[PDB]
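See below for the structure under consideration.
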Amino acid sequence: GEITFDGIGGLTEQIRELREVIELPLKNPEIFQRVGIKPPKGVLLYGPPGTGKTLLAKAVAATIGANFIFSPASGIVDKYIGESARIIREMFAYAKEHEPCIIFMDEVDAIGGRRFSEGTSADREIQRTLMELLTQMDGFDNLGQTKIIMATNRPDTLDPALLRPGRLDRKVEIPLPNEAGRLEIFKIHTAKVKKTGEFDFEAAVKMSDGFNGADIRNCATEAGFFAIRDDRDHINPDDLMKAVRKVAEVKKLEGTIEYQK
Amino acid sequence: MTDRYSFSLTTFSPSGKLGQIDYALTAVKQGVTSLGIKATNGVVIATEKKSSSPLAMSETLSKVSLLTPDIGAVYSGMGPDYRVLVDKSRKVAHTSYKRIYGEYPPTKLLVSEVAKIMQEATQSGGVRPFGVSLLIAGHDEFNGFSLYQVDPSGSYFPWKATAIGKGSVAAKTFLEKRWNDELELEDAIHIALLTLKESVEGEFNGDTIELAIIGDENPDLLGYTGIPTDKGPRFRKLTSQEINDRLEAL
Amino acid sequence: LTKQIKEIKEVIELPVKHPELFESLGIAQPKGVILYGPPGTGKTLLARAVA
Amino acid sequence: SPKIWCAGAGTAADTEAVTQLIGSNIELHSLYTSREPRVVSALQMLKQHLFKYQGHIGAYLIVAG
Amino acid sequence: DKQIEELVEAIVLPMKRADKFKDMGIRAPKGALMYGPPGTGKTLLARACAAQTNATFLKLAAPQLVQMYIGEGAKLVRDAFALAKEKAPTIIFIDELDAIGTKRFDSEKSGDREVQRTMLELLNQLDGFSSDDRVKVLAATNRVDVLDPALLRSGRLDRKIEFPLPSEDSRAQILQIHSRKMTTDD
Amino acid sequence: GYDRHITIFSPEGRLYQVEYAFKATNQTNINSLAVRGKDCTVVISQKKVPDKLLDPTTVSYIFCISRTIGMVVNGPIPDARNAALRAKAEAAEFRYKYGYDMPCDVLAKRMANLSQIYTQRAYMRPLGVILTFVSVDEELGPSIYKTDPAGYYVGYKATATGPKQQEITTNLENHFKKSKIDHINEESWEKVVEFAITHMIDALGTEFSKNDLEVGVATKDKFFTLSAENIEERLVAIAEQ
Amino acid sequence: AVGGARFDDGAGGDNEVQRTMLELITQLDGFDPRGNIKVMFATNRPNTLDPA
Amino acid sequence: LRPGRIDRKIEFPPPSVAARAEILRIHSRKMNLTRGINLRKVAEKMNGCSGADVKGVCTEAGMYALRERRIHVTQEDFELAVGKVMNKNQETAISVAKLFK
Amino acid sequence: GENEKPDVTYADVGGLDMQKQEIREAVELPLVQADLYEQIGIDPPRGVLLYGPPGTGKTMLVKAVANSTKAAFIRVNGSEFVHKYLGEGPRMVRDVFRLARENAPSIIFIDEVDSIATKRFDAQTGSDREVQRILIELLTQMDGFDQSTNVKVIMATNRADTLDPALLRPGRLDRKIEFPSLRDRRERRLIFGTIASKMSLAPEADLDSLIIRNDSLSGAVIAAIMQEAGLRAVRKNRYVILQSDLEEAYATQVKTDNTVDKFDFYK
Ligand SMILES: Nc1ncnc2c1ncn2[C@@H]1O[C@H](COP(=O)(O)OP(=O)(O)OP(=O)(O)O)[C@@H](O)[C@H]1O
Ligand SMILES: Nc1ncnc2c1ncn2[C@@H]1O[C@H](COP(=O)(O)OP(=O)(O)OP(=O)(O)O)[C@@H](O)[C@H]1O
Ligand SMILES: Nc1ncnc2c1ncn2[C@@H]1O[C@H](COP(=O)(O)OP(=O)(O)OP(=O)(O)O)[C@@H](O)[C@H]1O
Ligand SMILES: Nc1ncnc2c1ncn2[C@@H]1O[C@H](COP(=O)(O)OP(=O)(O)O)[C@@H](O)[C@H]1O
Ligand SMILES: Nc1ncnc2c1ncn2[C@@H]1O[C@H](COP(=O)(O)OP(=O)(O)O)[C@@H](O)[C@H]1O
Ligand SMILES: [Mg+2]
Ligand SMILES: [Mg+2]
Ligand SMILES: [Mg+2]
Ligand SMILES: [Mg+2]
């Protein structure tokens, strides 16, 4: 099912910006060919984890109705080739049949290396898997019909090679959600679970400025614990007020505010 | 990175060449391409200015400051080191030659006094070398037109032609091909513009380009006419309009 | 340079071919040899050529 | 300076000397500020110098400009 | 005092109130990790808490059950995981994580990977609102900076507890505990 | 690194210390604005409204250094105060030394020279504040001189400072091209303030109350701060948008 | 060394020594019967000894 | 470095002009002989710096005959070939220095 | 490079026509004709140094030659050589040279060597020792590699003093090419010409104004400009790019920093 484009908040703006990049060359490589430019393939996404870069990749895929392959590479991570060799070969073959198709290459950096020169010798073994993938998806060939979107979450494990042109064409920002984009998100969460009627969020969102959306779910759950502790199955507006303060502390302490290269 | 001996300026470096002094040169390179050409009957100094912010006024950024009315200076490098060094040059000169010998310095003497200041910001530990290398171009009676370089080390040398900054390589060779000292000044100004024009071609408008000559006296700019014997100012800074005239002569 | 050829000849060829002559006529036997001088002289070549 | 002239009375030696010493500081001022100093600026600087020695330095001057 | 109050929120209360958790629908705490200086009684706490929750207390260590070869033992561990989930309710106490942490690039692809992966599986399956309430997970480690990077992604351990330095009050009480054993000297 | 700490030349030969000061001067997040009207120099800065534990009015970023000369400060407050002393002090000393009011241009030059001395001093850590002098100058009329923490200084037709400086600049640039001059339109001192207030609101997108601004105005022979309520007179027409 | 210092610190590193070390710590630490077992440890320096 | 068992040491200079004449002569014979026999001139006029240098002269002089689609060299070619090889050796090696002393 | 070969041909090379000529003579022709060299009797041209900073299309040149040689092309990187077991590196040097002999003619191309070749080293790190050993064996093998059908080692660098200059030097590397990146008018003009060919342009503004305004702009800057230009062209439904659209696209991209971003803080 499409992740509801209304329930993406504070990054409304991101969805619309995106289809310029993606929808026009995916449906018709014809227009960019006649225009006179090499058709673009390779798009790099980047935002502090929990802003929903993955979530945005999905949002766009449903609209077009294009086939969707989400592959985390952190679920199969290994040194030398093993299980990865089997998967990636299979995975391009499925993508080719279901074309037009988008591969959301999630945590590309996982099997991503760093070049080193005196470093750990093992990290270069890891790097090789990533290079094998790259050639299968596209060789010398440039297609828009099958296209690759690369998403990173740690930037210092990210491959210096994969930054370069010829592997990459756009470097698309995905920024923090908005101030009252965060409010939209806060309200959605609490509608889903039980509540007696809560409207103390006007205050609560302000303290919880700078939050990843992932982190907003965490103050809502803890508020909810507080309700069950009180012997209620309804979050009271009092409980929510309690939660946001304590959750704000850790959140910024241990916070990811990095934007990957 | 480097040694704790080479960061120190009270400590003989292993190599004997400080790390410090070498940093000062890296910075000179990073700055503007400034040049000097010596002529029979003049010296021309010319440079491009930083574009800076769009709404920052360009005029106020001055990379040619007159030390005396008859002797100007040009540098590559940072603004702050430039201004402080410049107040020190004038000030030490007044004491040691405008009250003693009650007259403007020979160019050689002024150049000598500028090296000494430089030298002291390299001798004393914990005080970094001046961030700037000069050309001091000038005119005095005794030794005619003269052209100098003063290094942040505190060594100085006269030249026929020198250029400094990123485009130093380019410029020096161009001057050689096209010119020699025996040629007149008028030719060199057109030449110098062209040389600097390799450097940058997006804008070469006379707003962003500061061009001056030290040459003949101007008895008008003496400013207390009716006495002729006093030399007028040797230096005359050429306005943007004047540059533009000199661009259609190229 | 042939300067060089006589100097290297004495040192390697005679003790290898006949240690028995060298030992007796001289005293002891020569050891390792270190070739020094700039790159690109063709020192490697010399080493191949004797062999 | 070119447009600040004065004529000196008093002890002759002092009048030349003070003009030379002060001269430099005025010249220093001019260049420092990229602006022609005020007539009053010369006046002020001149006044303090003399004042210190309570007038033994005996320059009495008409300052014009 | 503080850590006890915190552990009891994460553990005891959800165990008994499990119906309430289902209704509202929010996840119950999927495991608590305790870390920082030894001697703070990581051990101890878990034993007392399990007893209150009446839930079978396994005291366990993930690389210790690797016996000899990592062939016959990687497999032993897959059985141990299976056993431990079954016969719920339970709180499995898994200890020191440092040997299988391996944040390095020279992270073994050997059988050391298998123990580690089955660690991710245990935690993932608890998510929901029914699986969190039966099967509870405690974990103990000293250095927290050497861990697997997929562990710092998502909420693999749903609660992270840092020990604070002891206070005056804390010292004075621990002394009393020791001194009672001895003859009372006023 | 040791390389970060040394006050003496870095291996790069461009100081790490200098880049750091530049970081600092955006911790407070004060967007300020200074423009040159025809015969009036307007400076505006956000007046934060903290909790009641502090009075709001007292909190300020616009300071009266001397007659005509005002100073807007961007970057941390305790260092602001340190700097402030030296500039007030010299304006006085110049008046004693030279028997005439100090011009704007000369005060900025003095402070660039002090900035550079700071990195030659081992003990001292360089001040990490922006000093922007505004005045109706003696000769030059409306004048804006912006001084950097490093010690670079440059004059301005108009300027803004902050992390959100970029948006404001664009409006001011295009405005000046359409108007085909460098002065904000209208001889009247009052309506130029209002054109500044308005342009601040646009760029930032946030309507500011009288509570959220402070307006310092330069005329001939005084720099003075307007009342809270004066600000409002402008604000009201603008506020319905 | 071996059941003494960790060799994790190294670039490629090693942890066969962490296995040996670990086992000993847990036998000592917590409940576990003992038949009047004295524990003597010979280290040349306490520094080398794992702080654990 | 320290005593041990190393004892014999043979020092090799970079060529002299005499030695340079010899190396140059014998490669030219195998290849195509320098006509007007000004291979002796080339060695007398200048010193290279290596015998590696000298084999580079040999290659280039021969490449000059190739551009014309000739298969024999002359003196005119060696005079061009030497200036190119030898001068290039100096411009790569000098760039490292700034302006010290 | 022959199993699946590049689409880069000498025709697809636009600008650098002057640099391009020398590189074919040196490299491609020993391999296609041994016979030419034998008739005069010269030693074949040796290695070729490619330097010029990236955007000078060093790799691009070798992509061209890869098609035409019809014959082996071995494209390897510096990464392979530096440690993979803390001991792999010395072995790895030997295998590329051997592998070349088997499938001769071959082009040996090493992309990075700026980090393998250093004047000084540190033997205290154990891992570094292998870096040192790779450099020394390469010097040795090259002397035993003369008078072979394989072209003598070709390598690409940012700079010619990263390599030791005394050791790695003319007559190993007798051609050492500097690429124009400051660039002349002609050189610029040819790069614009690759684009001008690719799609018709509707004249709406001076073509040559754009050339003059580019101070030194490299090939990569010029490709990027077109890429933006055409993104706007999709929306409009234009299929022949206005010369006005390129002009505004240049205006928004005044690359190589210009003055506006370098000058802003080196003041
Ligand atoms: N005298 C010579 N005659 C023939 N060719 C020569 C001569 N000297 C050098 N060369 C050429 O130079 C090439 C490289 O020189 P070589 O590596 O043998 O030098 P080396 O002085 O022993 O250096 P290194 O410092 O590398 O050990 C040789 O393979 C050969 O083609
Ligand atoms: N909080 C406590 N109060 C009193 N005694 C304590 C306390 N914590 C630990 N000790 C004492 O120290 C002994 C050893 O505990 P130990 O140092 O193994 O602590 P831990 O926090 O469980 O660490 P780890 O398992 O990482 O070694 C206990 O058996 C107990 O007697
Ligand atoms: N006290 C000593 N005993 C023996 N020989 C000595 C003594 N002192 C000096 N020598 C002289 O040094 C000569 C060479 O010694 P050699 O170099 O074999 O010795 P080492 O100290 O065992 O070193 P290395 O194995 O590093 O070469 C001997 O043949 C002898 O002439
Ligand atoms: N734009 C958003 N709208 C709603 N919730 C959000 C948003 N951004 C983040 N989240 C919440 O955080 C969860 C986890 O982020 P995830 O999709 O894993 O992103 P990333 O790839 O950036 O780590 C999302 O599934 C969603 O529940
Ligand atoms: N002849 C040319 N025509 C077009 N663009 C060129 C040309 N030569 C080089 N370039 C540009 O140079 C950049 C680099 O080319 P590449 O072969 O990847 O090598 P490197 O960065 O190693 O020199 C590309 O962006 C390419 O557009
Ligand atoms: Mg993801
Ligand atoms: Mg050799
Ligand atoms: Mg314990
Ligand atoms: Mg390359």
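Don't worry about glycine lacking a Cβ; one is built from the backbone with ideal geometry, like all the others, and counts go over all protein chains shown. Here, each number is a calculation from the coordinates, and none is a lab measurement.
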**Fill in**
Reported set for segment I:199-227 where residues are within 14 Å of chain A (Cβ to nearest Cβ) and part of a loop (DSSP other than H, G, I, E, B) is I:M199, I:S200, I:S218
**Criterion (within 13 Å of ligand 1 (Cβ to nearest atom) and either more than 24 Å from I:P30 (Cβ to Cβ) or touching a residue at least 60 places away in the same chain (Cβ under 8 Å) (or both)) met by exactly one of I:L135, I:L139** = I:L135
**Request:** Check every one of the strands (runs of 3 or more DSSP E) wholly within segment F:1-73 and list those with 1 or more residues that are basic (K, R).
**Result:** F:32-36
**Item:** Flag for H:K45 being under 19 Å from H:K88 (Cβ atoms), more than 16 Å from ligand 3 (Cβ to nearest atom) and more than 9 Å from chain C (Cβ to nearest Cβ)
**Value:** yes
**Prompt:** Which of (1) in contact (Cβ under 8 Å) with a residue 12 or more places away in the chain; (2) surrounded by 19 or more Cβ atoms within 10 Å (Cβ to Cβ) does A:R124 not meet, given it meets every other one?
**Reply:** (1)
**Asked** Do we find that G:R6 is touching a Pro at 6+ places or on another chain (Cβ under 7 Å) and either surrounded by fewer than 13 Cβ atoms within 10 Å (Cβ to Cβ) or free of Cβ contacts under 8 Å to residues at least 60 places away in the same chain (or both) in this structure?
**Response** no
**Complete:** Selection over segment F:169-227 where residues are touching a helix residue (DSSP H, G or I) at 6+ places or on another chain (Cβ under 7 Å) and basic (K, R) yields a count of 1
**Message:** Please verify whether C:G40 is exposed (fewer than 13 other Cβ atoms within 10 Å of the Cβ) and either without any contact (Cβ under 8 Å) to a residue 40 or more places away in the chain or more than 7 Å from chain H (Cβ to nearest Cβ) (or both), treating the condition exactly as stated.
**Reply:** no
**Restricting segment I:134-150 to residues that are over 18 Å from C:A47 (Cα atoms) and exposed (fewer than 15 other Cβ atoms within 10 Å of the Cβ), the residue that is farthest from ligand 8 (Cβ to nearest atom)** = I:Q147
**Request:** Residue by residue through segment E:65-99, note down the ones that are free of Cβ contacts under 8 Å to residues at least 40 places away in the same chain and in contact with a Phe, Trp or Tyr (Cβ under 9 Å, 6 or more places away or on another chain).
**Result:** none
**Request:** With the condition kept exactly as written, say whether any residue in segment F:171-181 is in a loop (DSSP other than H, G, I, E, B) and more than 19 Å from the chain's Cα centre (by Cα).
**Result:** yes
**Prompt:** When you look at B:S76, is it under 17 Å from B:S155 (Cα atoms), touching a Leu at 6+ places or on another chain (Cβ under 9 Å) and within 14 Å of chain I (Cβ to nearest Cβ), yes or no?
**Reply:** yes
**Prompt:** Given the residues I:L31, I:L49, which is the only one that is within 25 Å of I:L163 (Cβ to Cβ) and part of a strand (DSSP E or B)?
**Reply:** I:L49
**Asked** Looking at segment I:26-44, which of the residues that are within 18 Å of I:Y10 (Cβ to Cβ) and within 13 Å of chain H (Cβ to nearest Cβ) is farthest from ligand 9 (Cβ to nearest atom)?
**Response** I:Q33
**Asked** Which ones in segment A:62-75 are within 13 Å of the chain's Cα centre (by Cα) and either closer than 13 Å to A:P100 by Cα or within 14 Å of chain E (Cβ to nearest Cβ) (or both)?
**Response** A:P72
**Asked** Considering only segment I:35-63, how many residues are more than 17 Å from the chain's Cα centre (by Cα) and either on the phi < 0 side of the Ramachandran plot or β-branched (V, I, T) (or both)?
**Response** 11
**Unmet requirement for E:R134, which otherwise passes all of (1) under 17 Å from E:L33 (Cα atoms); (2) under 16 Å from the mean Cα position of the chain (by Cα)** = (1)
**Request:** Run down I:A66, I:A100, I:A72 and say which single residue is part of a helix (DSSP H, G or I) and either under 20 Å from the mean Cα position of the chain (by Cα) or at positive phi (or both).
**Result:** I:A66
**Message:** Can you report the number of residues in segment C:1-37 which are surrounded by 15 or more Cβ atoms within 10 Å (Cβ to Cβ) and more than 8 Å from chain H (Cβ to nearest Cβ)?
**Reply:** 4
**Request:** Would you be able to say whether some residue in segment I:217-229 is of a type outside the set (S, T, Y), surrounded by fewer than 17 Cβ atoms within 10 Å (Cβ to Cβ) and more than 23 Å from I:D257 (Cα to Cα)?
**Result:** no
**Request:** Say whether the condition of being closer than 21 Å to A:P29 by Cβ, touching a residue at least 12 places away in the same chain (Cβ under 8 Å) and more than 16 Å from ligand 1 (Cβ to nearest atom) is met by at least one residue in segment I:196-204.
**Result:** yes
**Fill in**
Exactly one of F:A91, F:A87, F:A122 is surrounded by fewer than 16 Cβ atoms within 10 Å (Cβ to Cβ) and either aliphatic (A, V, I, L, M) or touching a residue at least 24 places away in the same chain (Cβ under 8 Å) (or both), and that residue is F:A122
**Message:** So I:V48 passes all but one of these: (1) among the β-branched types (V, I, T); (2) touching a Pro at 6+ places or on another chain (Cβ under 9 Å); (3) closer than 27 Å to H:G62 by Cβ. Which condition number does it fail?
**Reply:** (2)
**Request:** Kindly indicate whether any position in segment I:242-254 is surrounded by 15 or more Cβ atoms within 10 Å (Cβ to Cβ), in contact (Cβ under 8 Å) with a residue 40 or more places away in the chain and not in a helix (DSSP H, G or I).
**Result:** yes
**Request:** For segment F:155-163, state whether one or more residues are farther than 22 Å from F:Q116 by Cβ, of a type outside the set (S, T, Y), away from chain B (no Cβ under 11 Å) and surrounded by fewer than 22 Cβ atoms within 10 Å (Cβ to Cβ).
**Result:** yes
**Prompt:** Is segment B:91-103 home to any residue that is away from every other protein chain (no Cβ under 14 Å) and hydrophobic (A, V, I, L, M, F, W, C)?
**Reply:** no
